[PDB]
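Heads up, the thing below is written out as structure tokens.
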Amino acid sequence: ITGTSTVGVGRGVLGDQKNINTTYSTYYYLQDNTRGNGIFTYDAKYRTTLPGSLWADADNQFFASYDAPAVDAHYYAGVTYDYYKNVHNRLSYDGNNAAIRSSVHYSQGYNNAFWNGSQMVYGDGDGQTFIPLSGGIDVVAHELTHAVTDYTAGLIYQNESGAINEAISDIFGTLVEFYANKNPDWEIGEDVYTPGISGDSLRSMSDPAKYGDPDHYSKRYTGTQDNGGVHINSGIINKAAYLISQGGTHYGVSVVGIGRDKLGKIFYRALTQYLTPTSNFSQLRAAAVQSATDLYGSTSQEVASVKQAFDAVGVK
Ligand SMILES: [Ca+2]
Ligand SMILES: [Ca+2]
Ligand SMILES: [Ca+2]
Ligand SMILES: [Ca+2]
Ligand SMILES: [Zn+2]
Numbered sequence: 001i002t003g004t005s006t007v008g009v010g011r012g013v014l015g016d017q018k019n020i021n022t023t024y025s026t027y028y029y030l031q032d033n034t035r036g037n038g039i040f041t042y043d044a045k046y047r048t049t050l051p052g053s054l055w056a057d058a059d060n061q062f063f064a065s066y067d068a069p070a071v072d073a074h075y076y077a078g079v080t081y082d083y084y085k086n087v088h089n090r091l092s093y094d095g096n097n098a099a100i101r102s103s104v105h106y107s108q109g110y111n112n113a114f115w116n117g118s119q120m121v122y123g124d125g126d127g128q129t130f131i132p133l134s135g136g137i138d139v140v141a142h143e144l145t146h147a148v149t150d151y152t153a154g155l156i157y158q159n160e161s162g163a164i165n166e167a168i169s170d171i172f173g174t175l176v177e178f179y180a181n182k183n184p185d186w187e188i189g190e191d192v193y194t195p196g197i198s199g200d201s202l203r204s205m206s207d208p209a210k211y212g213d214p215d216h217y218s219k220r221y222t223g224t225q226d227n228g229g230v231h232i233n234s235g236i237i238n239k240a241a242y243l244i245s246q247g248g249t250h251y252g253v254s255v256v257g258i259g260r261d262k263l264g265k266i267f268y269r270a271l272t273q274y275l276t277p278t279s280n281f282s283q284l285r286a287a288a289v290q291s292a293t294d295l296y297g298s299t300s301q302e303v304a305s306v307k308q309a310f311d312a313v314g315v316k
């Protein structure tokens with residue numbers, strides 16, 4: 001809608017207070033005009049028709065329980081917008097400031113979130129396995145990053161290309177988390193996962209095997225489940241990215257870490273300039289080596305570490 005740009009206040013899923021960019025026209029809407037062609041959040045009202053209703057509030061204050069997922073989907077979309085623009089000089093997910101839209105309160109007890117080709121969708125969780133998934137900034141940035149992949153490399157959501165797709169979403173999810181720098185880690189979804197159990201996570205990049213995911217190519221899954229294991233074999237690439245950033249010795253292979261920022265520069269370049277819809281793990285290593293080479297030179301530590309990292313996950 002057309003309206004006056006305002007700033008509201010409320011708290012998130014985790015009970016934290018934050019300010020949000022709203023739009024005033026009789027009601028206050030969760031529409032942020034300060035980033036690109038807008039960030040828009042909607043109420044799916046526990047149903048599954050999308051996107052639902054543009055979120056409207058009478059007084060611009062968002063402290064109801066019902067408000068919380070909305071507040072966070074809105075806010076972390078903006079943080080995710082800010083990462084791509086400031087860090088990668090990318091304007092929204094399509095690179096031309098496309099409107100970002102999210103729907104929350106999707107279905108009943110929906111233990112998931114996703115990108116559906118046009119927008120982000122977040123369930124509320126069943127309150128046991130999950131709380132409203134928008135509470136995790138790594139979850140939000142994972143979702144939007146799927147959007148980024150779909151407009152760039154277009155990695156098909158199956159087999160190795162699919163695991164690459166997922167891994168990219170986990171890698172940038174994580175980088176954005178470190179970027180907002182609120183308790184960041186190399187784990188996935190911990191803020192909104194299993195409310196009753198501290199310390200766990202949906203997935204781990206540092207040690208994917210923690211949750212039954214492979215950290216070596218020889219342990220790769222090749223059944224037909226989970227689209228040929230896009231959420232399973234992603235661990236092999238996640239581990240690799242973890243290693244490039246952080247370093248370590250994995251199955252006897254030592255990797256010199258080069259930190260988060262260069263990891264992000266190297267994978268963003270691979271994603272946008274080298275990867276394609278059918279790239280496999282092998283092509284990804286080549287893409288990453290070329291990227292690192294592009295960025296730091298053929299004889300750099302960066303190229304070397306990239307190689308070490310894929311070597312360690314058994315990817316040639
Ligand atoms: Ca209100
Ligand atoms: Ca965290
Ligand atoms: Ca995390
Ligand atoms: Ca938990
Ligand atoms: Zn995903």
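Take the sequence shown: its letter number 165 is residue 165 in the deposited numbering, and every next letter is one higher. Beta carbons: idealized from backbone N, C-alpha and C, even for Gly.
Cross-strand partners of residue i (DSSP beta bridge)
i, result
"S254", "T249"
"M205", "In DSSP, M205 forms no bridge with anything."
"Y27", "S25"
"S102", "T41 and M120"
"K18", "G10"
"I188", "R203"
"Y193", "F130"
Cβ-based neighbour list, residue i, same chain, cut-off 6 Å, excluding 5 preceding and 5 following
i, result
"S169", "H142, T145 and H146"
"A292", "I266, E302, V303 and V306"
Residue i versus residue j - alpha carbon distance
i, j, result
"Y76", "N19", "11 Å"
"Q108", "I131", "12 Å"
"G3", "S92", "22 Å"
"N227", "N159", "7 Å"
"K210", "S282", "24 Å"
"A304", "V289", "8 Å"
"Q273", "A153", "8 Å"
"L30", "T129", "28 Å"
"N111", "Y193", "9 Å"
"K316", "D261", "24 Å"
"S218", "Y66", "46 Å"
"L54", "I39", "11 Å"
"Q225", "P277", "20 Å"
Close Cβ partners of residue i (< 7 Å) along its chain, the five nearest in sequence each way excluded
i, result
"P208", "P214, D215, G235, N238 and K239"
Extent of the continuous beta strand (DSSP E) run through residue i
i, result
"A113", "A113 to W115"
"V9", "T4 to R11"
Distance cut-off 7 Å: residue i Cβ against heavy atoms of ligand 5
i, result
"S169", "yes"
"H74", "no"
Run of the alpha helix (DSSP H) containing residue i, from where it starts to where it stops
i, result
"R260", "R260 to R269"
"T149", "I137 to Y151"
"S169", "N159 to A180"
"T80", "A68 to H88"
Cut-off 8 Å between Cβ atoms - residues of its own chain near residue i, not counting five sequence neighbours on either side
i, result
"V256", "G247, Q301, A304, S305 and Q308"
"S279", "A153, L155, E160, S161, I164 and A287"
"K182", "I137"
Contact test: residue i Cβ vs ligand 3 heavy atom, cutoff 7 Å
i, result
"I188", "yes"
"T174", "yes"
"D200", "no"
Distance cut-off 7 Å: residue i Cβ against heavy atoms of ligand 4
i, result
"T194", "yes"
Distance cut-off 7 Å: residue i Cβ against heavy atoms of ligand 2
i, result
"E166", "no"
"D16", "no"
"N181", "no"
"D191", "yes"
Residue i: CB within 7 Å of a non-hydrogen atom of ligand 1
i, result
"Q61", "yes"
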